[PDB]
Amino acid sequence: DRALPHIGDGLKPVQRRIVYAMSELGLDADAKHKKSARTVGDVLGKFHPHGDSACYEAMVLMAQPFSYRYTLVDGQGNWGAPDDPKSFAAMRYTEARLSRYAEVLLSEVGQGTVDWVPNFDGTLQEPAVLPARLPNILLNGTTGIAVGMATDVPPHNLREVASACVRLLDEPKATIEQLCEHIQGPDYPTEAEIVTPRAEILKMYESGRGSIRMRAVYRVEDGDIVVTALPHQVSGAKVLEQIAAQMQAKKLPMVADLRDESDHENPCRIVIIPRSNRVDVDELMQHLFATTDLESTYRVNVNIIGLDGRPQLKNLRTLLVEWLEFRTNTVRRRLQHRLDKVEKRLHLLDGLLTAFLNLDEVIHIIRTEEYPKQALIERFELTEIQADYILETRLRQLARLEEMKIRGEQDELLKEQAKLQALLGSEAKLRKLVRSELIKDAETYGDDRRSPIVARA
């Protein structure tokens, strides 16, 4: 009974339901925050009918910027703090709406891009996989208490991953090293350094399995060592217990005192005070990195669910080539979906035009005929769909009808129709559209690398 993330949008059922539930409640990034309970209530009633705690815990995690590399929920109130991600207030107090980044997963939902599946009682439908515009699987990875999970995917930089996709679109046979010219490695939500060598980072992407080793970043100010950023999910308080324990065992005669000076706005500020300005700082820290959580490791095992529905230990190339296949399939359905709405709209205008051109008579037929609909159909050779649309027309909407506005919209649609057939008519034109959107989206939603990679940056 373990959940594995889907390559498509990088989500597990728990997560997918919370976000879908929220976009259905209209809680997008432009909406006003609504009490968390409202969202939990919907998820509980419509999608996962077990409990308020299971759901809300996964939801709080999405709103924590130190848990998710790209948050999916924008939260107001107490949504926990860095050293204890469990100190979140009850759901009756916190308020939530979706993230701006959430748009990456949801903007294309109503455009025939999703495979709908019945919910738990068959009364509503839910998305099987969200139409992600960027590979959230690598961007956010597997977030939360990682010791329980078998599958581990670290987070990545959105812009680096997007550039690697561009590369595959241009050079379909680009090897993994070539993809690593753009993707430096993982990118965690912390200024801490990844010290794994480039050669090992490369093998991890070739294999799908490996290890990442991060290291806290420090500076010196007034002779005191100040750690400004810790490895991912490392408790600053736990680090102090560890150093303090060594002080008790007479292993740190060079350490005088420790102080946790992190405040509201400054999340990490652990001060290690040396016995004197004659203490070798770099020698001390090397020891602390080897003996405390100031240097911690992370597992990698990209065993995820693919488009064929079965799991696979996927290396970076295998994963991105497959994600691009998912993305192009998605964009193809988005265009097909639109083309259908354009063609239904052209059919209505073709009917509406005829009605406008014979409007005097149309209004006469409507006011003086036992069967008005069936009379217009026989007279002006209209389909039933055209006839209904004419009869649904209100008198205020009848006032605004102008022959040129009808032919003007009819022109726009005929050319938008030509554009869509050209895009669906060749793989080459899709590819450029996908490439074009990967680049805009990267500009819109992307950010600078946070965790530096010592082996490169």
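The first residue of the sequence shown is number 1, and the count goes up from there.
The question of which stretch, 145-153 or 211-219, has the higher mean Cα B factor is settled in favour of 145-153.
Annotation for 121-129 versus 261-269: the higher mean temperature factor (C-alpha) is found in 261-269. The entry lists C-alpha B-factors for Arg97, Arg317, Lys373, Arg299, and the highest of these is at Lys373. Per the deposited record, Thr383 carries the highest C-alpha B-factor of all listed residues (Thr383, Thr292, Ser235, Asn136). Remark: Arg38 belongs to the lowest third of its chain, ranked by C-alpha B-factor as recorded. In the PDB entry, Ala81 places in the highest third of its chain by CA B-factor. Looking at the C-alpha B-factors along this chain, the one for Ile377 belongs to the highest third.
Residue-level temperature factors show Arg2 in the highest third of its chain, judged at the C-alpha atom. Per the deposited record, the Cα B-factor of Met62 falls in the lowest third when ranked against the other modelled residues of its chain.
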